[PDB]
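Residue numbers (the deposited numbering), protein chains in the order written: chain A, 1160 to 1256; chain B, 963 to 1063; chain C, 1 to 366; chain D, 160 to 318; chain E, 160 to 265; chain F, 1 to 242; chain G, 291 to 387.
Following: one structure in structure tokens, then a few remarks.
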Ligand SMILES: Nc1ncnc2c1ncn2[C@@H]1O[C@H](COP(=O)(O)OP(=O)(O)OP(=O)(O)O)[C@@H](O)[C@H]1O
Ligand SMILES: Nc1ncnc2c1ncn2[C@@H]1O[C@H](COP(=O)(O)OP(=O)(O)OP(=O)(O)O)[C@@H](O)[C@H]1O
């Protein structure tokens, strides 16, 4: 991501200081088809980062939910006072989050 | 530079040691002590609430002598709040001093 | 959780070695390589966008015959278990409906009756018994403490159906086992090729040589050697022949393309006018887009199966100026060859000009 | 005794039927594909007859061979009459040999010499002319080892 | 269940082995014969090398081919001394093709 | 005593006064379609379908989801959940009794395994365009409807009531199975797998065509779109090379 | 009306997941209020299930909570992914403009 954001700004900046020359030499389409490519590479880098972070969250949340089940069943069929059932349930739920 | 098979897979964990005890050595143990105390108090208030709640599960008729449970809950909650206020200040002080040095 | 809320840092300064190092090339070639066929068989072309022909269940059966031995046993066992179970359930339902379960339970709770004169299928009382009766009927065991009386015709229909389907299963599975046992010699192909190619000097002209050998104690019959050069050309009228394969003679005492393969050999190829190797020089033969294919064909007398072995050469691997060490050596009482000197090559006097000129300048000296 | 023997024979025969079925499972259908029509181009300062052959298999055809024939109603100068006579046209390789290796689609070519019957024909008047070009491609499949031969033809209307 | 499955599989394997023998029934050992001496004689005023080959079996072989080689330690002109040099030699038939018909001793 | 499927009591297996009118027999007839589907589909899926009948080195990269995609997966998941609920209710009810009467529980577990295997069949069918095979699924679902339907009516003829859990479970399952049957019919209509004039023709979808499409999140199945399986490969590829 | 539909779809999924998410506290209360009071014997129980009765089978509610959590986390994460992709497309269009 940090590697695909430096060029995407630089290009814009260039096309901002040289408008008279750029619009004279009539190379507009050659530059637009480059702005599009730069911005698309940057967007795909960001999208893959966001998908990876969400992937991690989904997997770890399912692991936490499995913990929730294996804690509730352990506390249900066991020999313990109700204080350590209520505390256990609540804390095992927060651990998941 | 062959980091991926070998360098990347292990965390730096050595520059990290320098960062942890960076501003000195007495600005770290304060953070560790305050963190552990705050976390233990934050668990203990709920533990006490559970014990008080559980001790009267059967005593349906008389909800009396509830001054001890209330006193315990209030004192533990106040102490926990104080430790919570302390710990963050300790951590931020450590970070600021480490950055300065 | 929202790592970069503070977005303010932008265009403050980066100004660095990203590519403006000036002492390191910015470019990253990354060195991808494409060859017509891989170094170890497996022709690597790219068919795509071909009008597909769908599928048909005969292809599924065709897959069934071609399986590794550690999966045929598994499919065998699963087939047998599923068949026994399915017919056990059918028998259990038949026993339920005809009023046999109730009769046996009521007259065996009190042993006073001892009545088995009116039952659909004797001595089937539970699902366990049904799943032991189905065993006694499918495998032709027939323990026979459980006869089938003649009355309930639904049971007889189920028996006919199950016996015939069981025979089908047995016949198909026996066929699979026999087919896989007959074609059991056909392990794989084990033709060993030298990797590096020399261009020595011999018999007044250059060459093109490598080494090939076998490992199976059966030599290969009617072996044939074909050598081709792969390059893109165009007509003088200019049409793009995308990857033209050109056939080139492999020299021999009578100009015929059989070779007898017992001790490893040199496979010469004299460069002459028609050969595309007329125009390649010493310092030239590191830069070129060429691919020389070698195709070996024969049959193995043991298994009686025709085999074709493929390999590929590129101009980058070929190392001018060498030849192959004489691997053989007359031993104490019998010839021998050490394949350990397979890829070993040595250097000897090698002219640096092109055979294009090795007759143009008529001095064997270069 | 009679019934047991008959049952044994019946079981053996049907077992043989299943073995033959399994053996003849693998082959499915012919798979070498020839073009809709051919071409007659100019290549290397002399006209050449070209056609296109492709493969659809996963394996490759061992020892493939291609043969080309010219069908024409013919006579002999001394008077004999030949009704649907065949012949053969020399398929060309730089080595005068006919084995061909087919992994990429290929364009088989044949060069017109003074001795092929495909030399005295005109250009405009091919479409109205009694000829036929037969292509026969044989080989041996590597996976199952069954020799196969696939055929096709091109006529005047489709050249 | 375990014993039944093992028994049926064993029956299949044994049937297959017996099938292999019943398929190789027609196979036998080496059956072509060459003399115990070559000879070197004069044929049409030319000094030529000849030997004898025969078949001692029931059928007539198809599409035979007789190839002859010389294994010798020659001297390579430029040091590529290859000790066991195999050089092919041309058999004779007025069509310049090797194939030979084997009915009687040849 | 034994390990029963209608209890340890003799009068629970009788077949007088209605062979389809005794509840345990209706339970078995419901058990039949599930095991039939399982026994047809486990060997068929195991036998593999990968025979390279042509040059398939770059043909495996394309697969086009069948006409009705999202409703089938979501409804099948709903059926899995409803069957889980029925299993749970059965287990609890058996746990409130003396013997181990199995007619409340085992049919539901068999249904669970059968629905899971049904979705397995759908996935393995879809990857390889071969529409004919999915006809099997049609039969399964259709057959299933009949059996389950009888239970409802045979409850309604005895008036078990609309307040009881079992009535709710059976009704939910009936209507969900019907909707899935509708999905199958629509697939038959759009893909032309049996008796339209001829099988239809389509071009496989355009991202997968160009080998630049790698962020394949928009192009994969909803149960895999939900647990982000599309990224899986790349992440486990973090050891080999950057 | 241009690049906003998927945000509505994400909001629908988010609302449904948010509604199902509260099953943690309620199931915790149910399980706790079942485990405490003693119910050893002699209460008539011939009829198999009463709608109200199913909800408090203490072990049962644990399974219901497990499934509810493992569904809520997946639905919420799906919502996040859809809205993220919408945002990335919106940024790309705005930069191009
Ligand atoms: N003794 C051998 N056994 C098996 N294969 C061999 C042997 N010698 C050479 N080869 C084959 O030669 C090919 C070239 O391999 P490589 O270049 O690694 O070794 P080499 O230089 O040819 O021989 P060596 O390894 O003895 O130096 C390989 O495909 C290999 O299979
Ligand atoms: N890409 C392909 N995929 C599958 N089969 C092909 C392909 N190209 C050609 N064929 C087969 O080769 C034969 C010759 O095809 P050719 O392209 O010469 O004819 P065509 O005029 O394109 O035929 P059509 O009008 O049916 O497309 C056809 O019968 C076809 O079955």
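Even for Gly, the Cβ is constructed at its ideal location relative to N, Cα and C.
Determine the extent of the alpha helix (DSSP H) in which residue 20 of chain C is found, giving its start and end residues.
17–20
Does the count of Cβ pairs from the stretch 300–311 of chain G and the stretch 57–75 of chain F closer than 8 Å reach three?
no
Determine the chain D residues that contact residue 56 of chain F at a beta-carbon separation under 8 Å, and present them in chain order.
217
Which partner residues of residue 310 of chain D appear in the DSSP bridge assignment?
D:295
Count the other C-beta atoms from every protein chain shown that fall within 10 angstroms of the C-beta of residue 76 of chain F, then say buried if there are 16 or more, exposed otherwise.
buried
Using a Cβ-Cβ cut-off of 8 Å, state whether residue 1006 of chain B counts as contacting chain A.
no
Going by the CB atoms, is the gap between residue 327 of chain C and residue 242 of chain C shorter than 8 Å?
no
Should residue 214 of chain F be counted as a contact of ligand 1 given a C-beta to heavy atom distance under 7 Å?
no
With 8 Å set as the bound, which would you pick, yes or no: does the beta-carbon of residue 198 of chain D sit closer than that to a beta-carbon of chain C?
So no, residue 198 of chain D is outside the interface.
For residue 217 of chain F and chain A, any beta-carbon pair shorter than 8 Å?
Output row for residue 217 of chain F: interface = yes.
Is the beta carbon of residue 427 of chain C within less than 7 Å of some heavy atom of ligand 2?
Outside the displayed span of chain C (1 to 366) sits residue 427 of chain C, for which this structure offers no information.
Within 8 Å of any Cβ in chain B, is that where the Cβ of residue 1256 of chain A sits?
Answer no: the Cβ-Cβ gap between residue 1256 of chain A and chain B never drops below 8 Å.
Run through chain I and tell me which residues come within less than 7 Å of residue 1193 of chain A, C-beta to C-beta.
Looking at the structure shown, chain I is missing, and the protein chains on hand are A, B, C, D, E, F and G.
Just checking: is the beta-carbon of residue 187 of chain D within a distance shorter than 8 Å of some beta-carbon in chain C?
yes
Which runs of the alpha helix (DSSP H), 4 residues or longer, sit entirely within the stretch 152–234 of chain C?
153–182
Could you tell me the boundaries of the beta strand (DSSP E) in which residue 247 of chain C lies?
240–248
Any chance the stretch 289–300 of chain C sits against the stretch 310–324 of chain C, with 3 or more Cβ pairs inside 8 Å?
yes
Within 10 angstroms of the Cβ of residue 267 of chain E, are there 16 or more other Cβ atoms? Answer buried if so, exposed if not.
Residue 267 of chain E lies beyond the stretch modelled for chain E, which goes from 160 to 265, so this question has no answer here.
Which residues mark the beginning and the end of the beta strand (DSSP E) in which residue 268 of chain D is found?
265–270
Going by DSSP in three states, residue 295 of chain G sits in which element: helix, strand or coil?
Judged by DSSP in its simplified three-state form, residue 295 of chain G adopts helix.
Report the option in C:8, C:226 and C:59 whose CA atom is closest to the CA atom of residue 184 of chain D.
C:59
Listing by chain order, which chain A residues have their CB less than 7 Å from the CB of residue 1009 of chain B?
Within 7 Å Cβ-Cβ: 1246.
Looking at the structure shown, is residue 36 of chain F part of a helix, part of a strand, or coil, going by DSSP?
helix
Using a Cβ-Cβ cut-off of less than 7 Å, give me the residues of the stretch 1202–1234 of chain A that come near chain F, in sequence order.
1203, 1206, 1207, 1210, 1211, 1213, 1214 and 1217
Taking buried to mean at least 16 other C-beta atoms within 10 Å of its own C-beta, is residue 103 of chain F buried or exposed?
buried
Is residue 1001 of chain B helix, strand or coil by DSSP?
Correct three-state label for residue 1001 of chain B: helix.
Mind checking the stretch 103–117 of chain F against chain G and listing, in chain order, the residues whose C-beta falls within less than 7 Å of any C-beta there?
none
Please list, in chain order, the chain D residues whose beta carbon lies closer than 8 Å to that of residue 53 of chain F.
Near residue 53 of chain F (Cβ distances below 8 Å), the residues of chain D are 187 and 217.
Taking only three categories from DSSP, how would you classify residue 1029 of chain B?
helix
Whose Cβ in chain B lies nearer than 9 Å to the Cβ of residue 242 of chain F?
965, 966 and 970
Can you determine whether any heavy atom of ligand 1 sits closer than 7 Å to the C-beta of residue 195 of chain C, and answer yes or no?
yes
Across which residues does DSSP place residue 139 of chain C in a beta bridge pair?
Checking the DSSP bridge columns, you'll see residue 139 of chain C has no partner listed.
Roughly how many whole angstroms lie between the Cα atoms of residue 1038 of chain B and residue 1000 of chain B?
11 Å
Could you tell me the distance, in whole angstroms, from the CA atom of residue 232 of chain E to the CA atom of residue 202 of chain D?
Each residue's alpha carbon lies about 48 Å from the other.
What residues in its chain sit with their C-beta under 6 Å from that of residue 211 of chain D, if we drop five residues either side in the sequence?
194 and 266
What are the residues that DSSP puts in a beta bridge with residue 258 of chain C?
Beta bridge pairing from DSSP links residue 258 of chain C with C:224.
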